[PDB]
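Asks: Before I ask anything, here is the structure I am working with.
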Amino acid sequence: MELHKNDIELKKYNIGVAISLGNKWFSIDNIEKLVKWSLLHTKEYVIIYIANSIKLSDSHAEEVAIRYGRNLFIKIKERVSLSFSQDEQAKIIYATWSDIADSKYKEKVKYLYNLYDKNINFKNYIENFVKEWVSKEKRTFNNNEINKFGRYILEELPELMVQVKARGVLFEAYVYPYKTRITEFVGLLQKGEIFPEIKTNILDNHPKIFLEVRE
């Protein structure tokens, strides 16, 4: 279980553990290993949160939080309190969607929504983007559902691109077990190599750092 470097071994960064809820890799055991690894490499804090989700709220990430995220967090809490010491546990912050989506975060998301409605190339790209992920599955989805799922990605896009506070705590890096199409996409966005207006409008020369950590 290691980082697939200098700054990390020097513990320059606080580390986020980004949980894709419903992704079969994110068993409690693999989540435990990620939190273990992050505790041993972090500058101070480890921030556990729900990163993606692939009507009781106007926000999909919020609806995910109250339907599934709370129960996941309760299971993580109980496991952590048996696997780690009192002092290690004090390094861990459980960031709900609300802890992350403060007013500054919501302005970025709003910018992306407006761009999704006005720029048809961006709409086409994010949409076709969803169509690939569902292409690897058995179920079908209509274009209206495809479009709904696209908006859900934009809600999570700022957290992947910019360094943001959770409960007042800034985490510069996050761990994830594998590269995904979203991480390559975010890579191009952060460089201004795709949809450069997004970099111009919502990024701030402090890019979120992506740390690939697996067995």
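Going left to right, the sequence shown walks through residues 1 to 4, 11 to 60, 70 to 230 as the deposited numbering numbers them.
The beta carbon of each residue, even a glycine, is placed where N, CA and C say it ideally should be.
1) Go ahead and label residue 45 buried or exposed: buried means 16 or more other beta carbons lie within 10 angstroms of its beta carbon, across all protein chains shown.
2) Where do the N-terminal and C-terminal ends of the beta strand (DSSP E) with residue 179 fall, by residue?
3) Among 48, 17 and 4, which residue has its Cα nearest to the Cα of residue 23?
4) Which residue marks the beginning of the alpha helix (DSSP H) containing residue 58, and which one marks its end?
5) Rounding to the nearest angstrom, what Cα-Cα distance links residue 190 and residue 135 in this structure?
6) Pick helix, strand or coil for residue 116, following the three-state DSSP scheme.
7) Would a C-beta distance cut-off of 9 Å place residue 174 and residue 161 closer than the cut-off?
8) Using the Cβ count rule (16 or more neighbours within 10 Å means buried), how would you classify residue 20?
9) Taking the alpha helix (DSSP H) that residue 154 belongs to, which residues open and close that run?
10) Would the beta-carbon of residue 162 be found less than 8 Å away from any heavy atom of the ligand PLP?
11) Are at least three pairs of beta-carbons, each pair with one atom in the segment 179 to 195 and one in the segment 113 to 131, less than 8 Å apart?
12) Contact check, residue 54 vs residue 91 under 8 Å by CB: the rounded distance?
Replies: Taking the definition as stated:
1) buried
2) Unbroken run through residue 179: none, as it is neither H nor E.
3) 48
4) Element bounds for residue 58: not the alpha helix (DSSP H) but the beta strand (DSSP E), 52 to 58.
5) 32 Å
6) coil
7) no
8) buried
9) No alpha helix (DSSP H) holds residue 154; DSSP gives it neither H nor E.
10) With respect to small molecules bound, the structure shown includes none, and the ligand PLP cannot be examined in it.
11) yes
12) 6 Å
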